[PDB]
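You are given structure tokens for the same protein chain in two forms, set apart as structure 1 and structure 2.
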Structure 1
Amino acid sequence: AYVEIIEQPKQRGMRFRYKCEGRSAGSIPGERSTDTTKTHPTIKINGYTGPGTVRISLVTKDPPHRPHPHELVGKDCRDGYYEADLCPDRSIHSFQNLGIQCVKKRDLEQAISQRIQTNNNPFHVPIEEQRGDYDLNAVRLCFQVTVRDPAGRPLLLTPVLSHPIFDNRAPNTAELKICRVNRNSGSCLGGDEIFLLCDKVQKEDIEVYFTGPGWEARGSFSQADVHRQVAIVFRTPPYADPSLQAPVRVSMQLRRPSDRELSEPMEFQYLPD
């Protein structure tokens, strides 16, 4: 009898919201959820099906997964975590209204105290460890599911974690995204300037990665070329074949070296001489 995640949380794109914003914060998308067809965090209870309950809280990203200061706001969410009863008719369960509510910096200690005072510690981490710095732009969902044993008594299953979810409000952990582009073709000799409009990026941690089978290169530019974190003016790299005689499509995408993240690919076409 164990909990299995069959649909992880999308890791990037959603921003953590503060209390001061709308009462109804965001809702954590699935991972395969498409602009048209949306999906949500989904677990399956293997080796069991029937009555019981499920709780979801927030733990840090790294190993000693301690209670996280942020709160998991949304339907059936209180004191920082969501809790509701499982449907005895199904073994697969998805949650469509989970939202990270990021705390302010100066309420960090209060937040932890509320985690202790509330007995929210899925991994029963020593209390002396709940004092160390906390990464506030990354959290992990934690599924504490409780079933029933043959004696028909409460049986708390072993805690399971999802992939980490990052604060999109934060450029370093944000989802990379090319919004608009000057031109999408150029000579296989390179040297064509391109104006690229994008979501917030950190000039000291960004790249334009040109990709094709057997060919990898980068757009040329300097930090001075990054306009207010949202526009990049660069020069195209030379394609491999210096004497193309027909358009060859290749991929162009934003790359973040710190965590080697990549943006969805944009199509670029190299043309002859």
Structure 2
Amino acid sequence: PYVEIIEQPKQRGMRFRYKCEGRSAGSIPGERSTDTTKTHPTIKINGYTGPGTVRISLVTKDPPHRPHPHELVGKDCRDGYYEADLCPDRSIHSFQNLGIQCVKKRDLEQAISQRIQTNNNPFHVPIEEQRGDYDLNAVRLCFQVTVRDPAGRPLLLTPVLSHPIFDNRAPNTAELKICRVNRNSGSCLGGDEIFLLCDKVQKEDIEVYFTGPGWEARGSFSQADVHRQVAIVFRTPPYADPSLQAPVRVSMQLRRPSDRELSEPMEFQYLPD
């Protein structure tokens, strides 16, 4: 029999709570889960109906897939994994109640120790490999279903892993926002210096992207002009038509190179010089 993932966890949007951030750790939602239409990581077991159990371990994003040092927490969880006895009355299973608790880089080796002890190693990565560089900001759910064989004896199906989940409370995964701007208008020749206040960005990865219908231009600044990740001082780019004779609304917005990700558009209105 074989497990299928008919609903992957939302790749970006969840934040790993340290075992200190309050009482909640979250509840990983599905790839198409909205503030109205809530979906969740669901699997389908092809070719089997009846008694069985499900275990959701966490494993490294990358190919040598060792058990991750972070923990899964919530209903039915224990020692960093989930484990609920499946339902015979259904074949499509959803989990609308699981959270990803990140551990401190300091307590990483005490995490993996517990991985060993509790026999949590979906892909039985030999001990000599428990060592290495654990990418703490990306995990993969590893659904390991157990159904019965013809003789009724428990039959462990192969492991099925999801695509990476990503900790929002991380450098590049946080959202883009333009809180304030000293000026929303300027000259079509550009050159106007603009002070834009935003949310924590990375001077190494950020852009002020200007756009209109068929037009495109970046504002000019540098890493030096990105004051405390939360303010950028740059200069507007020239407009398409330089010798304007009337205004032209275009839209200004923050753009992150790495992801091609944008912020809500702030109307900028180029004017005749």
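Just so we're on the same page, residue numbers count up from 1 along structure 1's sequence. Just so we're on the same page, rigid core means the largest C-alpha set that superposes within 1.5 Å between forms.
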Check whether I178 and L98 fall in the same rigid part when the chain is split into two rigid parts between structure 1 and structure 2. no
C-alpha based rigid-body angle between structure 1 and structure 2, smaller part relative to larger, in degrees, is 23
If you line up the core, how far does the Cα of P257 move between structure 1 and structure 2, in Å? 3.7
Cα shift of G13 between structure 1 and structure 2 after core superposition, in Å? 1.0
Shift in Å of the C-alpha at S187 between structure 1 and structure 2 after core superposition: 11.1
